[PDB]
Amino acid sequence: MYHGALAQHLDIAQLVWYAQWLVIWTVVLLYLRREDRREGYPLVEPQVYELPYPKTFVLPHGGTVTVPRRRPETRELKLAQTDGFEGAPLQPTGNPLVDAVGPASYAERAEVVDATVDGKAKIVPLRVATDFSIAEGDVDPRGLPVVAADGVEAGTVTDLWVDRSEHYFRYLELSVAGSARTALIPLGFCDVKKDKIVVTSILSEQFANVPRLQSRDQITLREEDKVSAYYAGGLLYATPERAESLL
Amino acid sequence: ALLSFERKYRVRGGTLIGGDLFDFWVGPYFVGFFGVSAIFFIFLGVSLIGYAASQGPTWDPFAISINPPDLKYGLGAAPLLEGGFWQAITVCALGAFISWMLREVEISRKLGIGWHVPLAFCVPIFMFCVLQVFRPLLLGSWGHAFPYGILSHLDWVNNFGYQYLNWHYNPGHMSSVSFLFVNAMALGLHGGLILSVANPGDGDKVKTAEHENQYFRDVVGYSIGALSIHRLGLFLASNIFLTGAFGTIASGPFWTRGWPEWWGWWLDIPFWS
Amino acid sequence: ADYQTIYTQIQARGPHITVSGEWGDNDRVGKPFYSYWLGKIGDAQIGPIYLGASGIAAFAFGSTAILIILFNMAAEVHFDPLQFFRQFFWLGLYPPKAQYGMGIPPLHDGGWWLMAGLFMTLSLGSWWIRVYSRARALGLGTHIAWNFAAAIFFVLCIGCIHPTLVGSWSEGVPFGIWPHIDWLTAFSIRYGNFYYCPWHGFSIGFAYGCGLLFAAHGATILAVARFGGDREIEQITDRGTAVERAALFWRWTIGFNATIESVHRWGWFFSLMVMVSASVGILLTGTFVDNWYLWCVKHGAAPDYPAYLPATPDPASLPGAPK
Amino acid sequence: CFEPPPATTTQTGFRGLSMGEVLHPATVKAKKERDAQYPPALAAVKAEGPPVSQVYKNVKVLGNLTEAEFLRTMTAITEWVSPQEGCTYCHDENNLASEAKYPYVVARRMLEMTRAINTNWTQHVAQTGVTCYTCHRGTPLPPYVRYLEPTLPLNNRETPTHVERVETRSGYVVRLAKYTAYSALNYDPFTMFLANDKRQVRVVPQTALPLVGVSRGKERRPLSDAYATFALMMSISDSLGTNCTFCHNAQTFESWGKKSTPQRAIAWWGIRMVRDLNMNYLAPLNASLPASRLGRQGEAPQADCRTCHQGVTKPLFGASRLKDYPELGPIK
Ligand code: BCB
Ligand code: BCB
Ligand code: BCB
Ligand SMILES: C/C=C1/c2cc3[nH]c4c(c3C)C(=O)[C@H](C(=O)OC)c4c3nc(cc4[nH]c(cc(n2)[C@@H]1C)c(C(C)=O)c4C)[C@@H](C)[C@@H]3CCC(=O)OC/C=C(/C)CCC[C@H](C)CCC[C@@H](C)CCCC(C)C
Ligand SMILES: C/C=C1/c2cc3[nH]c4c(c3C)C(=O)[C@H](C(=O)OC)c4c3nc(cc4[nH]c(cc(n2)[C@@H]1C)c(C(C)=O)c4C)[C@@H](C)[C@@H]3CCC(=O)OC/C=C(\C)CCC[C@H](C)CCC[C@@H](C)CCCC(C)C
Ligand code: HEC
Ligand code: HEC
Ligand code: HEC
Ligand code: HEC
Ligand SMILES: CC(C)=CCC/C(C)=C/C=C/C(C)=C/C=C/C(C)=C/C=C\C=C(C)\C=C\C=C(/C)CC/C=C(\C)CCCC(C)C
Ligand SMILES: CCCCCCCC/C=C\CCCCCCCC(=O)OC[C@H](O)CO
Ligand SMILES: COC1=C(OC)C(=O)C(CC=C(C)C)=C(C)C1=O
Ligand SMILES: COC1=C(OC)C(=O)C(CC=C(C)C)=C(C)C1=O
Ligand SMILES: CCCCCCCCCCCC[N+](C)(C)[O-]
Ligand SMILES: CCCCCCCCCCCC[N+](C)(C)[O-]
Ligand SMILES: [Fe+2]
């Protein structure tokens, strides 16, 4: 025998075997994993070489965005390093529902109203979208009470906000009992019964501090985030023992 | 070591067990109680594979095969080298999988999102249990389970099919295969559609939800919609194994003949026989 | 629970939207109608549908293929309609049983098969033009058409390219429910076990992968529906909390993450690579590899197992053994 | 559409290969009961007297036998083949040396054939062997025979439907299917592989790469060969009431050594035996049988694996009468 011999007569299939593996590790590591890093990179305290050149999108209604967006993150004073170890959870400085941190965090989305193909506002109440109805057979929730987590009635449903692009209800509007104000709630947080709307995510008094819209008959992308995030905050923060174990 | 948007989400809470004893991160990884137990069960399992491998012919990890016991051992315990390793490793495997599933629950709760991912992950854990636990119980021996080797496990699937002459005529299998095919197609169409709208090419403008619906109404006369395609995709993928499981369970305990002959219920109806 | 991830509690109705394309607006046909029960789990609107010439060409060509298959199947039961309904799954249209090479077979032994194949091919090509051209008409990328093209290339590989490379129409896939299934075992047997074809492995990795990815991705988006995660286009151009929560879920579980855009590239690539990997396997089969098991043995890749019943010598090889 | 547990399972390969049998006990029980009808051996007799070759007038096969022995053979043959009609099935009362009845001359050929099995095919039948009963099961027409075209029912003692009858052209696909374990495989493996020795069952190349000069155009066997071999294997499996893993590790159907069980080598000898029986003993009997016994091409009924096995891996679960009837062979 010979030093450096292997027991392999080369054939075409063996060649194509090595080439296939090469194509796979190339596409994954050098294309797919580069595309994966367009949002949230470069990484921060308290990577570089394998980042692609920022991407530019031409938006439908004029303008361009470049990703990643350079808008800074604003709820950084609202959390504090309990510990010197980077792995340690951060601690809220105030009321995290109101400060909008952890699961109550909104994203720094744009203060623009999402639009239909033809330039109208996409998400609007049925008092505005008078050509839209509820389908024959389903609950019209207008008039019905909203029962919160504590069993207390928190308000009455005044309207539904429809997505005009997708023909899909996305929010209920209720008048809050004991205020001169309206609140939106995402339908995903709503159990729609025949005689009531059940909301398990927050208590009755907590509807007081649902984020407020700048405008009555339209909503911005950042506002949609702010509203949706508030109720998700409730899952962990509506009572003290919701952020504790089931130990 | 943080994504640019990540810090505001790194709060205490959402654990099921241990309070904040395990409520922390190591690099990008959340720990929790189930992170600790996952690492336990993984460390046991890999140790046993190493111990078993060292007692066997070769160290080539493609030729390594830890096999279940002979049929004669039934549901009893077997000597380590004659399928005891296989039994220990199956327990560690289930330990790790169940830990991983419950860890995803703790992560879901911290972010205030639905539990949909860990629920979806229960489907493959179930199918593993059908192959390694439920079907062997019903036949009365651990020896009916599939072996832990990269190539050896294909030889088991192969012989198992041919124990029923032609596995392709298995009605649970026909259902399972149909879901695997339509799922791979659906993921291509969904992936392709999203890329087509965000990347029309040539510095042309990004398109809309209205363009998505119009595209499929034109091509097949119906568009299921943006939310619904995600619910459908979880449905088609999940049903690969939910329908598959009845085909596997039935083979031995509920049917001993070839699968083609099963269609006798249709072929041999008296009025057209 | 988010009941909205299960079904639409309250359905909206409104005027039917039409997005204009560069051409074809006049070839859309039918009045849209709404379906209450469809509306629970998807969009209620059925119709209208675009026709055009690629549409009609595809239906003409497809129908021709189906009629040729159905008529040869009816012939196999001597046109007894009750036996036709009974035996349907067992009936087929077969490629030639004898070896004519690349020779055009006679109609009774493979000629109809080759006719049916030609019309199915022209059907697929026409549909491909429909899928491509509708994308261009609406100012969309052609990602779907290139995925579809890989699927069509694969049908071409098992249908005529492999038969051509080895030089026999006899290797083609019969038309029929059970007959097309029977071919899978005949082909695996002839080529020494498809489990030992590495491209069979790749194909299955990606197919299983498509199941893992659509379960994960479908579940991820339902988990962030509360935050408008289904509105994936505007989450691409303007990152919302939906896809921040989604990214961090995966980063904290497995230690890395995609974007709401790049996960669709993963999905598209995995789907495409099912069909590409399969095609490469078929092109190599019979051309450059005759027995996949023995090819693995030749490269040291095939496992061996102890005897359980005695090793059994080939009787053909024993001294004084008959033919 | 189902069979209730428990199931009986065996192992025929290394642990974790999923090789072995899968049996419904009720079905095993019913076959055991059918096969228990095998008449007992008649009481043995001492070899007192001269050989019948010089007592009786027309003994060409059992001539070395003794009068008491020979009459014992004749009483066995009678209960095995024609118990209802008795000795007169083959015999003229007025002359026991007369060949006037068609069954007499066939019976002589059947004695030669049974002795040739038990003598020249020990590689298949070993020390179990066969009697007239193995095939005949107490009727002149054996219940499981083959013509040169598929027939239903498989058991000729059951009555055909209009559609099962060979003349109803619309039932062909179903006649083919029930011979191949309900597969849709479009081949008759009896006429292709078992009627004669023209075709090779092996189709899988024994090289990794395609050999030059057998691998392109008209020089290569068509894929239809692979299908036909598969249909034989479905037929052989159902004929023995077993599955592929009784004989093969599906890892490599084409390999012997550890990749085949001893039962596979025995099955190989079985294929050679059936071809011998058919070509040299059964096909040529069409010249000696009435037209009511022939198929539509004037062929005599012939044997497949099921003729003896009737859905069991060992015919009659290994019941032997070899030491009870040494005159049926083996013959030194
Ligand atoms: C000759 C043999 C045949 C055969 C025998 C067969 C059998 C015996 C069975 C199937 C089954 C199935 N077959 Mg199949 N088959 C299939 C398709 C399929 C699948 C859809 C289906 C389910 C697979 C499964 O159980 O995965 C199981 C996957 C599991 C359990 C994965 C669990 C993952 C785990 C939870 C996580 C593991 C984590 C890792 C260890 C982590 C490490 C990674 C990194 C991070 C370190 C196709 C498309 C074909 C074609 C094209 O012919 C085919 C032909 C055949 N099959 C042959 C005819 N087949 C199954 C079925 O449903 O039948 C009805 C089945 O039981
Ligand atoms: C019912 C039939 C089954 C089946 C039939 C089958 C077939 C027919 C084929 C495979 C193949 C494969 N199977 Mg297998 N299988 C596997 C794993 C595998 C991989 C080695 C490979 C590619 C799978 C893939 O990409 O999926 C999708 C997942 C992706 C893409 C994520 C990455 C997963 C990663 C590549 C898996 C690596 C696993 C590790 C090698 C094992 C863990 C090691 C530990 C010590 C850390 C696991 C971990 C399990 C478990 C735990 O149940 C399993 C069950 C089954 N397989 C059932 C028994 N499998 C293919 C192969 O090439 O094998 C040689 C193949 O052709
Ligand atoms: C004993 C038989 C075996 C076998 C034989 C086999 C063969 C012969 C081939 C495969 C192939 C493949 N096998 Mg496989 N196999 C597979 C899985 C797979 C697939 C992933 C892969 C690709 C096929 C595909 O996607 O077709 C589904 C997609 C198709 C067919 C594309 C169709 C698209 C088309 C445009 C649709 C158009 C339809 C029209 C609208 C209809 C009009 C028709 C009218 C006009 C008549 C699994 C998961 C298993 C398991 C678990 O055991 C397995 C076991 C077996 N396979 C056994 C080993 N397998 C293929 C492969 O990868 O080879 C390397 C292949 O060629
Ligand atoms: C991994 C990649 C996957 C993949 C990918 C993709 N797949 C795509 C696309 C992509 C990207 C598309 O863009 C395209 C599409 O548009 O999506 C909606 C498409 C398609 N994938 C289809 C089927 C499919 N994909 C399969 C597999 C995979 N796909 C793999 C898994 C399988 C399997 C598994 O077998 C199947 C069966 C069709 C629905 C469609 C083609 C229609 C066609 O080409 O039309 C042919 C057109 C016809 C009109 C003929 C049929 C209609 C007849 C006339 C009906 C009437 C008959 C009547 C006249 C007889 C009566 C007679 C008498 C009684 C009066
Ligand atoms: C129909 C539904 C589909 C589906 C669905 C989902 N899938 C998910 C999720 C959902 C929703 C997750 O959320 C989760 C995940 O995080 O995503 C990134 C996951 C995951 N799917 C993986 C593998 C996978 N999914 C498969 C199939 C489907 N997925 C089906 C198709 C298949 C095959 C074979 O098809 C494979 C191989 C892992 C990557 C990951 C678990 C990691 C783990 O559990 O870590 C914990 C365990 C370890 C890190 C190692 C444990 C080592 C043990 C102790 C020792 C070895 C054990 C032994 C069994 C090895 C023998 C191997 C031998 C056969 C060769
Ligand atoms: C057909 C299945 C037979 C039945 C039933 C019986 N006999 Fe028979 N017999 C048969 C053959 C083929 C032969 C010739 C055997 C040979 O070696 O060539 C015989 C022979 C006899 C004889 C000898 C007569 C002579 O040649 O002079 C006798 C006496 C005889 N058989 C008797 C006999 C009796 C009593 C039977 C019922 C118990 C009987 N036979 C049945 C074929 C067949
Ligand atoms: C299977 C391998 C057989 C064994 C062992 C024996 N016989 Fe047979 N026999 C067999 C076939 C396939 C046929 C043809 C069909 C037919 O019924 O003709 C026969 C035929 C006969 C006949 C003619 C019966 C008739 O047509 O009426 C006789 C008389 C006969 N066989 C007798 C016989 C005896 C005595 C045997 C033991 C020595 C014997 N056969 C064995 C198949 C098989
Ligand atoms: C024993 C009772 C068997 C059973 C059950 C099955 N097979 Fe078989 N097979 C057997 C033999 C003796 C032979 C060789 C025949 C010869 O004359 O050489 C075969 C052959 C095959 C082949 C071809 C192998 C080759 O070298 O080309 C294949 C592909 C095959 N067998 C497959 C197969 C399958 C799928 C079975 C269950 C349906 C099956 N066989 C059963 C013996 C026995
Ligand atoms: C009657 C003349 C037979 C025909 C025709 C076939 N077989 Fe047979 N087979 C026969 C006997 C008497 C025996 C028993 C020998 C014994 O070991 O007891 C067998 C045995 C087998 C076996 C072995 C079974 C085992 O070891 O458990 C196999 C696998 C087998 N036979 C297969 C087989 C096939 C495939 C046949 C058609 C080609 C076939 N046999 C015909 C009697 C007869
Ligand atoms: C040289 C000349 C002249 C021409 C070249 C010829 C040429 C290019 C030929 C190509 C032939 C090809 C590509 C053949 C491919 C054949 C294949 C892949 C067949 C596969 C499957 C067939 C199946 C499932 C057939 C089913 C048949 C029926 C169900 C009967 C009809 C009814 C239907 C099709 C409706 C079923 C619904 C189902 C499609 C979802
Ligand atoms: C016998 C031959 C067949 C062999 C079987 C085929 C296996 C499936 C094929 C490809 C899967 C590709 C997997 C892609 C998984 C992603 C890994 C990754 O992304 O790496 C993380 C890293 O941290 C980033 O920086
Ligand atoms: C946003 O994603 C998608 C849709 O919504 C507009 C679809 O309608 C469809 C089409 C669905 C059918 C049943 C034609 C797909 C594939 C899709 O990915
Ligand atoms: C479940 O089994 C069924 C069949 O065979 C197994 C059919 O042939 C048919 C007939 C199919 C056609 C297209 C005529 C039907 C409907 C069926 O349900
Ligand atoms: C094939 C029919 C189409 C129906 C698909 C959608 C069904 C949804 C209802 C049950 C599953 C709900 N889910 C996916 C959230 O678990
Ligand atoms: C692969 C061969 C394709 C078949 C050719 C017949 C299809 C006709 C297509 C008409 C062209 C449509 N249009 C107007 C967009 O150009
Ligand atoms: Fe998506």
# chains A, B, ... in the order shown; residues from 1 in each chain; ligands from 1

call {"tool": "residues_near_ligand", "arguments": {"ligand": "ligand 10", "cutoff": "7 Å", "atoms": "only C-alpha atoms and all ligand atoms", "output": "PyMOL selection string"}}
result
chain C and resi 66+69-70+114-115+117-118+121+155-156+158-160+172-177+180

call {"tool": "residues_near_ligand", "arguments": {"ligand": "ligand 12", "cutoff": "7 Å", "atoms": "only C-alpha atoms and all ligand atoms", "output": "ChimeraX atom specification"}}
result
/B:186,189-191,193-194,209,212-213,216,220,222-226,229

call {"tool": "write_last_selection", "arguments": {"atoms": "N, CA and C atoms", "output": "PDB file, in the first residue's frame"}}
result
ATOM      1  N   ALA B 186     -47.444  25.101  -0.695  1.00  0.00           N
ATOM      2  CA  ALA B 186     -48.080  26.271  -0.049  1.00  0.00           C
ATOM      3  C   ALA B 186     -46.996  27.233   0.466  1.00  0.00           C
ATOM      4  N   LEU B 189     -45.451  29.103  -2.459  1.00  0.00           N
ATOM      5  CA  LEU B 189     -46.390  30.138  -2.952  1.00  0.00           C
ATOM      6  C   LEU B 189     -46.404  31.319  -1.976  1.00  0.00           C
ATOM      7  N   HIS B 190     -46.469  31.046  -0.674  1.00  0.00           N
ATOM      8  CA  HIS B 190     -46.556  32.103   0.358  1.00  0.00           C
ATOM      9  C   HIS B 190     -45.247  32.898   0.389  1.00  0.00           C
ATOM     10  N   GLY B 191     -44.109  32.205   0.499  1.00  0.00           N
ATOM     11  CA  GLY B 191     -42.766  32.819   0.442  1.00  0.00           C
ATOM     12  C   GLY B 191     -42.555  33.638  -0.828  1.00  0.00           C
ATOM     13  N   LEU B 193     -44.925  34.844  -2.868  1.00  0.00           N
ATOM     14  CA  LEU B 193     -45.873  35.986  -2.921  1.00  0.00           C
ATOM     15  C   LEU B 193     -45.309  37.180  -2.135  1.00  0.00           C
ATOM     16  N   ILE B 194     -44.893  36.956  -0.900  1.00  0.00           N
ATOM     17  CA  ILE B 194     -44.373  38.049  -0.034  1.00  0.00           C
ATOM     18  C   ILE B 194     -43.149  38.673  -0.714  1.00  0.00           C
ATOM     19  N   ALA B 209     -51.412  44.777   0.132  1.00  0.00           N
ATOM     20  CA  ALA B 209     -52.354  43.673   0.428  1.00  0.00           C
ATOM     21  C   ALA B 209     -53.344  43.490  -0.731  1.00  0.00           C
ATOM     22  N   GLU B 212     -51.791  41.458  -3.435  1.00  0.00           N
ATOM     23  CA  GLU B 212     -51.691  40.034  -3.004  1.00  0.00           C
ATOM     24  C   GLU B 212     -52.994  39.307  -3.361  1.00  0.00           C
ATOM     25  N   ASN B 213     -54.133  39.838  -2.889  1.00  0.00           N
ATOM     26  CA  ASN B 213     -55.487  39.264  -3.131  1.00  0.00           C
ATOM     27  C   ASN B 213     -55.762  39.222  -4.641  1.00  0.00           C
ATOM     28  N   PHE B 216     -53.922  36.178  -6.762  1.00  0.00           N
ATOM     29  CA  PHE B 216     -54.454  34.801  -6.622  1.00  0.00           C
ATOM     30  C   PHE B 216     -55.899  34.718  -7.132  1.00  0.00           C
ATOM     31  N   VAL B 220     -56.247  31.645  -9.697  1.00  0.00           N
ATOM     32  CA  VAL B 220     -57.094  30.458  -9.332  1.00  0.00           C
ATOM     33  C   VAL B 220     -58.523  30.849  -8.921  1.00  0.00           C
ATOM     34  N   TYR B 222     -59.506  32.621  -6.242  1.00  0.00           N
ATOM     35  CA  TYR B 222     -59.711  32.759  -4.779  1.00  0.00           C
ATOM     36  C   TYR B 222     -58.381  33.126  -4.130  1.00  0.00           C
ATOM     37  N   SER B 223     -58.453  33.965  -3.097  1.00  0.00           N
ATOM     38  CA  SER B 223     -57.335  34.359  -2.212  1.00  0.00           C
ATOM     39  C   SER B 223     -57.806  34.128  -0.777  1.00  0.00           C
ATOM     40  N   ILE B 224     -57.082  33.324   0.004  1.00  0.00           N
ATOM     41  CA  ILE B 224     -57.527  32.946   1.374  1.00  0.00           C
ATOM     42  C   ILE B 224     -57.289  34.122   2.331  1.00  0.00           C
ATOM     43  N   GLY B 225     -56.279  34.951   2.069  1.00  0.00           N
ATOM     44  CA  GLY B 225     -55.969  36.149   2.873  1.00  0.00           C
ATOM     45  C   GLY B 225     -54.739  35.967   3.746  1.00  0.00           C
ATOM     46  N   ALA B 226     -54.207  37.083   4.253  1.00  0.00           N
ATOM     47  CA  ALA B 226     -52.874  37.207   4.876  1.00  0.00           C
ATOM     48  C   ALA B 226     -52.830  36.459   6.210  1.00  0.00           C
ATOM     49  N   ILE B 229     -53.596  32.377   5.589  1.00  0.00           N
ATOM     50  CA  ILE B 229     -52.532  31.531   4.968  1.00  0.00           C
ATOM     51  C   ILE B 229     -51.610  31.034   6.085  1.00  0.00           C
TER      52      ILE B 229
END

call {"tool": "residues_around", "arguments": {"residues": "residue 186 in chain A", "least_positions_apart": "6", "cutoff": "8 Å", "atoms": "only C-alpha atoms", "output": "list in words"}}
result
residues 170, 171, 172, 227 and 228 of chain A; 226 of chain C

call {"tool": "write_last_selection", "arguments": {"atoms": "N, CA, C and O atoms", "output": "compact mmCIF listing (two decimals), in the first residue's frame"}}
result
# COMPACT_ATOMS: atom_id res chain seq x y z
N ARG A 170 -60.57 44.86 12.91
CA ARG A 170 -59.26 44.79 13.61
C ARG A 170 -59.35 45.39 15.01
O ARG A 170 -58.55 44.94 15.85
N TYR A 171 -60.26 46.35 15.26
CA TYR A 171 -60.48 46.99 16.59
C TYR A 171 -61.97 47.23 16.88
O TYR A 171 -62.81 47.43 15.95
N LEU A 172 -62.30 47.19 18.18
CA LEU A 172 -63.55 47.74 18.75
C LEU A 172 -63.20 49.06 19.43
O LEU A 172 -62.12 49.14 20.05
N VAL A 227 -51.42 50.96 21.25
CA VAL A 227 -52.72 50.41 21.72
C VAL A 227 -52.59 48.91 21.98
O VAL A 227 -52.94 48.47 23.10
N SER A 228 -52.11 48.17 20.98
CA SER A 228 -51.95 46.69 20.99
C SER A 228 -51.02 46.26 22.13
O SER A 228 -51.34 45.26 22.80
N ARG C 226 -52.23 39.76 17.43
CA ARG C 226 -52.70 40.84 18.35
C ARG C 226 -52.03 42.17 17.96
O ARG C 226 -52.62 43.24 18.29

call {"tool": "select_by_dssp", "arguments": {"residues": "range 75-291 of chain D", "states": "helix (DSSP H, G or I)", "output": "PyMOL selection string"}}
result
chain D and resi 75-81+86-89+102-120+122-125+132-136+169-177+189-194+217-219+224-240+244-246+250-252+262-287+291

call {"tool": "residues_around", "arguments": {"residues": "range 304-313 of chain C", "least_positions_apart": "6", "cutoff": "10 Å", "atoms": "only C-alpha atoms", "output": "ChimeraX atom specification"}}
result
/B:63,65,152 /C:297 /D:11-15,17,251,255-265

call {"tool": "residues_around", "arguments": {"residues": "range 14-16 of chain A", "least_positions_apart": "2", "cutoff": "10 Å", "atoms": "only C-alpha atoms", "output": "PyMOL selection string"}}
result
(chain A and resi 8-12+18-22) or (chain C and resi 198-199+280-281+284+295-296+299)

call {"tool": "interface_residues", "arguments": {"of": "chain B", "to": "chain A", "cutoff": "9 Å", "atoms": "only C-alpha atoms", "output": "ChimeraX atom specification"}}
result
/B:1-20,23-28,30,109-113,198-199,203-211,213,225-226

call {"tool": "write_last_selection", "arguments": {"atoms": "C-alpha atoms", "output": "PDB file, in the first residue's frame"}}
result
ATOM      1  CA  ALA B   1     -24.603  41.238  22.473  1.00  0.00           C
ATOM      2  CA  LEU B   2     -28.184  42.796  22.154  1.00  0.00           C
ATOM      3  CA  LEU B   3     -30.271  43.506  18.996  1.00  0.00           C
ATOM      4  CA  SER B   4     -30.727  47.322  18.567  1.00  0.00           C
ATOM      5  CA  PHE B   5     -34.440  47.000  19.680  1.00  0.00           C
ATOM      6  CA  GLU B   6     -33.998  44.146  22.265  1.00  0.00           C
ATOM      7  CA  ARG B   7     -33.201  45.930  25.635  1.00  0.00           C
ATOM      8  CA  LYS B   8     -36.791  47.232  26.268  1.00  0.00           C
ATOM      9  CA  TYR B   9     -38.081  43.577  26.187  1.00  0.00           C
ATOM     10  CA  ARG B  10     -35.472  42.080  28.638  1.00  0.00           C
ATOM     11  CA  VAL B  11     -37.682  42.248  31.816  1.00  0.00           C
ATOM     12  CA  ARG B  12     -38.197  39.784  34.732  1.00  0.00           C
ATOM     13  CA  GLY B  13     -41.305  37.508  34.506  1.00  0.00           C
ATOM     14  CA  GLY B  14     -43.288  34.840  32.603  1.00  0.00           C
ATOM     15  CA  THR B  15     -41.527  31.761  34.163  1.00  0.00           C
ATOM     16  CA  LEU B  16     -43.732  28.734  35.119  1.00  0.00           C
ATOM     17  CA  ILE B  17     -41.322  27.434  37.894  1.00  0.00           C
ATOM     18  CA  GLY B  18     -38.450  28.765  40.075  1.00  0.00           C
ATOM     19  CA  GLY B  19     -39.527  32.459  40.244  1.00  0.00           C
ATOM     20  CA  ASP B  20     -36.502  34.523  39.116  1.00  0.00           C
ATOM     21  CA  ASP B  23     -34.958  34.115  35.052  1.00  0.00           C
ATOM     22  CA  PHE B  24     -31.856  35.237  33.048  1.00  0.00           C
ATOM     23  CA  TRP B  25     -29.924  34.990  29.699  1.00  0.00           C
ATOM     24  CA  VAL B  26     -26.548  33.457  28.688  1.00  0.00           C
ATOM     25  CA  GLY B  27     -25.633  35.337  25.468  1.00  0.00           C
ATOM     26  CA  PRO B  28     -28.773  35.305  23.236  1.00  0.00           C
ATOM     27  CA  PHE B  30     -33.003  32.560  27.714  1.00  0.00           C
ATOM     28  CA  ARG B 109     -45.233  34.614  28.293  1.00  0.00           C
ATOM     29  CA  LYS B 110     -42.321  37.107  28.807  1.00  0.00           C
ATOM     30  CA  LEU B 111     -43.030  38.669  25.331  1.00  0.00           C
ATOM     31  CA  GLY B 112     -46.839  38.641  25.851  1.00  0.00           C
ATOM     32  CA  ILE B 113     -47.407  36.566  22.638  1.00  0.00           C
ATOM     33  CA  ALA B 198     -41.613  43.654  -1.344  1.00  0.00           C
ATOM     34  CA  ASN B 199     -39.196  43.173  -4.313  1.00  0.00           C
ATOM     35  CA  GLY B 203     -36.540  50.417  -8.364  1.00  0.00           C
ATOM     36  CA  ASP B 204     -40.336  49.955  -8.965  1.00  0.00           C
ATOM     37  CA  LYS B 205     -42.623  50.583  -5.903  1.00  0.00           C
ATOM     38  CA  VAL B 206     -43.490  48.058  -3.121  1.00  0.00           C
ATOM     39  CA  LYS B 207     -47.099  46.794  -3.637  1.00  0.00           C
ATOM     40  CA  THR B 208     -50.052  46.235  -1.261  1.00  0.00           C
ATOM     41  CA  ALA B 209     -52.354  43.673   0.428  1.00  0.00           C
ATOM     42  CA  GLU B 210     -54.810  44.547  -2.447  1.00  0.00           C
ATOM     43  CA  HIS B 211     -52.146  43.333  -4.998  1.00  0.00           C
ATOM     44  CA  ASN B 213     -55.487  39.264  -3.131  1.00  0.00           C
ATOM     45  CA  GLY B 225     -55.969  36.149   2.873  1.00  0.00           C
ATOM     46  CA  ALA B 226     -52.874  37.207   4.876  1.00  0.00           C
TER      47      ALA B 226
END

call {"tool": "interface_residues", "arguments": {"of": "chain D", "to": "chain A", "cutoff": "12 Å", "atoms": "only C-alpha atoms", "output": "ChimeraX atom specification"}}
result
/D:208-210

call {"tool": "select_by_dssp", "arguments": {"residues": "range 72-165 of chain A", "states": "strand (DSSP E)", "output": "list in words"}}
result
residues 79, 80, 81, 90, 91, 92, 123, 124, 125, 133, 134, 145, 146, 147, 153, 154, 155, 156, 157, 158, 159, 160, 161, 162 and 163 of chain A

call {"tool": "residues_around", "arguments": {"residues": "residue 246 in chain C", "least_positions_apart": "6", "cutoff": "12 Å", "atoms": "only C-alpha atoms", "output": "number ranges by chain"}}
result
B: 6, 9, 107-108, 111-117; C: 216-225, 227-230, 232, 235, 239-240, 252-253, 256-260, 263

call {"tool": "residues_near_ligand", "arguments": {"ligand": "ligand 4", "cutoff": "7 Å", "atoms": "only C-alpha atoms and all ligand atoms", "output": "PyMOL selection string"}}
result
(chain B and resi 178+181-182+184-185+188-189+219-220) or (chain C and resi 58-59+62-63+66-67+123-124+127-128+131+144-145+147-148+151+271-272+274-275)
